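Only one chain is included here, represented as C-alpha cells and corresponding to the form deposited in one PDB entry.
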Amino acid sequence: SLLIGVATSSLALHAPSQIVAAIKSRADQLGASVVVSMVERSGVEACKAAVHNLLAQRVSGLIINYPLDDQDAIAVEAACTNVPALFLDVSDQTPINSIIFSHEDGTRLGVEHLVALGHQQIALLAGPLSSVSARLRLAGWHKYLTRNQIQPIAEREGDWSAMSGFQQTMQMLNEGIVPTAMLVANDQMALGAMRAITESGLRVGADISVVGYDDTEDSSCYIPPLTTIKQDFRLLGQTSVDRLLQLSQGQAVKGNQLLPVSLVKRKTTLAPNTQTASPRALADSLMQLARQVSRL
C-alpha cells in the first residue's frame, strides 16, 4: 500500500542489508511497500540523486539509511519535496526526523566492559572517518576511555569490511603495537582483526580481546564467538516504518529518537594477558619446527 522509498548505503555491508530487510519485514505487516535505491557511496550528491529517483517512483515517504554529515543531512532532507523523510544514519543533533541507536551507551558498554575486566592497553579501530556514526563511536570510545582515565595506545580506521580489520590490525601489530584489547567499529572488521591476530600467532580472548559493534547475524558464530554491541535492526526497522507511516499520515512526531543498544558478551573477551612467550619458548618451538623441517 504505502510505498516506502529507501536510500540505502552499499548492501555489501551486512548491517544495511539487515536494516533494509527489516524495513521490508515490517512494511509487509502494515501492508505497505518498499522500493530500494542504492546510493553511489559519495556523499550528498550521490545520496541526493538517489532520493530524486525515489520521488519519481510515486514514493509516499522516504527512509534514508545513508551516512550524512549535518550540513548534508539538512540538504538531502530539503530535497525531499514535502515527502516525509526519516534519516537512519545521522547525528542525534540534526534538526530532521531521525531514529538512531544510542552511540553513548554503545561506546560506554564497550569501554566499561574492557575496563571492568582489567584492560589498560587498548586500541581503537574506527570505521571510515567519512561516516557520521564511525566518528560518533570513535568519540564515545574517547569520552569514556579518558573518563576511566585510559588513553588508547593505537587508533586507526578501516572501511567497515572484514579485510579492513585484517589490513589495519596486521599493520598495527607489525608496528609492534600489541594492545591487550581492541574496540572495533563493527563486527565485520572485527572478524578481520581476529583473523589478523591469529595470523600473528596470538590468541583472541587469551592474548588480545576484541569487542565488535552491531551484532550482525553471523557473529554468534565467528571463532571465537564475537562479544559485541547489539543494535536491533529489527527494531530500527519497525520503528522507522511505523514512524515514516505516522509522519506520512500527518502524525507529527518531528524530532530525533534514540534506540536502546546492548552488550552481548561472548568469547573474544577475557582480561588481560599478563604474560607472553619468552625467547626461550620461541626458540624451543623453533627447535621442533627445525627438526620437522629436517625430517622432510
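When you see a residue number, it is the position in the sequence shown, counting from 1. Here, rigid core means the biggest group of C-alpha atoms that superpose within 1.5 Å across both forms. Only residues modelled in both forms are compared.
- Set 40 to 48 against 63 to 71 and average the Cα temperature factors; 40 to 48 ends up higher.
- Two stretches are in play, 13 to 21 and 281 to 289, and the higher mean C-alpha B-factor belongs to 281 to 289.
- Comparing the listed residues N97, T169, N148, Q121, the entry records the largest Cα B-factor for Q121.
- Out of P224, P84, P152, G212, it is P84 whose C-alpha atom has the highest B-factor in the PDB entry.
- Sort the chain's modelled residues by C-alpha temperature factor and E199 lands in the middle third, per the entry.
- When the modelled residues of the chain are ordered by C-alpha B-factor, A185 sits in the lowest third.
- Among all modelled residues in its chain, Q231 ranks in the lowest third by Cα B-factor.
- The PDB entry assigns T216 a C-alpha temperature factor belonging to the lowest third of its chain's modelled residues.
- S262: CA B factor lies in the lowest third for its chain, per the PDB record.
One more form of this protein, deposited in another entry, exists but is not displayed; see below.
- When two forms of a protein are overlaid on their rigid core, residues whose CA moves 2 Å or more are considered shifted, and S25 is not one of them between the shown form and the other one.
- Relative to the superposed rigid core, the position of the CA of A277 differs between the shown form and the other one by 2 Å or more.
- Once both forms are fitted on their rigid core, the CA atom of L286 lies 2 Å or more apart between the shown form and the other one.
- In the other entry, the CA atoms of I197 and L282 move farther apart by at least 3 angstroms compared with the shown structure.
- The distance between the CA atoms of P272 and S285 is at least 3 Å shorter in the other entry than in the form shown here.
- Shifted segments between the shown form and the other one, defined as at least 3 consecutive common residues whose CA atoms all move 2 Å or more after rigid-core fitting, occur once only, at 274 to 296.
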